[PDB]
Structures are given as C-alpha cells and as structure tokens.
Amino acid sequence: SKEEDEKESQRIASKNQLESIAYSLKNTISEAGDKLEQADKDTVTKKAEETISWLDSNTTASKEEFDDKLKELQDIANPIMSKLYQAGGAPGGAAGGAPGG
C-alpha cells in the first residue's frame, strides 16, 4: 500500500534531520568552549550522543517518536543554547546581556 511507503519515507527524513540536529548541537558547542560551562555543555552534547544512540536503537520507532525525541532534545537544549546566545551569540550590541545576578 501507499501508507507504509509514506510513513517510511517520513521516518527516514525524521531520522536524518534528528541525527543532523544532534551533530549541530555538538557543532555549536565546538565554538562554545569559553562561552559555556563544562556542565551544561556536557549535558547537551551527551544528550545529543544519546539521541544518536537512541536513533540506532529505536530505528523501529515511528516518525512521531523521532519527532518526540527531537522535541525533548530541543527542550533541554533550549535554555543551554539561550545562555550561550545571551553571552555572545545573540545580537545585543556590545555583548550578551547579563541577567545581573
């Protein structure tokens, strides 16, 4: 039937893009050396690698599940990306706006 083909091709796209994003998270940390702390940096990249391992282990999951992984990856990465950006990643003017303290 067409149904399986449709779903499979989407699962492929989902795997591919999710995989790419995991590498993108680590790629971002590659310039984040002094900009991020070792703990949050390890947290995102470790999770990214877990994400890569998850894809290989759960290739048998549907694209909804790959989306789910993408979402939870993005959720945890979001604040850490944000702290990266508001330092020297997001355009502020001089530098990233410090929260004060």
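Residues numbered from 1 in each chain as written, not as in the entry; some residues may be left out. Heavy atoms only, no water.

Per the PDB record, the structure was determined using solution NMR.

This part covers the overall build of the protein. Across its full length, the protein carries three helices and zero strands. Mapped in sequence order, the helices and strands of the protein form the string α-α-α. Taken over C-alpha atoms, the radius of gyration comes to 16 Å for the protein, far larger than the 13 Å a tight globule of 101 residues would show. Dimensions of the protein, computed from C-alpha atoms along their principal axes, come out at roughly 60 × 25 × 20 Å. (Helix = DSSP H or I, 4+ residues; strand = E, 2+ residues; numbered from the N terminus. Rg over C-alpha atoms; globule rule 2.2 N^0.38 Å.)

Before going further, it helps to examine the nonpolar core. Counting twelve residues, the largest nonpolar core consists of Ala22, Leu25, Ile29, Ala32, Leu36, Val44, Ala48, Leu73, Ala77, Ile80, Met81 and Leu84. By residue number, the principal contributor to this core is helix α3 (residues 63-88), which donates five residues. Setting aside chain neighbours within four positions, we find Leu84 in contact with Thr28, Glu31, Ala32, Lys35, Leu36 and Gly89. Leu18, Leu55, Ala61 and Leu70 belong to the second-largest nonpolar core, a separate cluster that totals six residues. (Core = buried A, V, L, I, M, F, W, Y, C linked by side-chain atoms within 4.5 Å. Buried < 20%, exposed > 50% of the residue type's maximum accessible area, 1.4 Å probe, protein only. Contact = heavy atoms within 4.5 Å.)

Right, let's get into the packing of helix α2 (residues 38-57) against α3. For the pair α2 and α3, interaxial distance at closest approach is 10 Å and the crossing angle is 170 degrees. The orientation of α2 relative to α3 falls into the category roughly antiparallel. On α3, the residues touching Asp40, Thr43, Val44, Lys47, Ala48, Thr51, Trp54 and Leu55 of α2 are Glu65, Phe66, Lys69, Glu72, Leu73, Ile76, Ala77, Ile80 and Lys83. (Axes fitted to C-alpha atoms, helices over the stretch in contact; angles between N-to-C directions. Parallel < 35°, antiparallel > 145°, perpendicular 65-115°, else oblique.)

Below, the discussion takes up the environment of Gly33. Along the chain, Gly33 turns up in the loop between α1 (2-29) and α2. Along the primary structure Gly33 and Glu64 are separated by 31 residues, whereas in three dimensions their C-alpha atoms are 34 Å apart. The residues touching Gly33, leaving out its near neighbours within four places in the chain, are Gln38 and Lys41.

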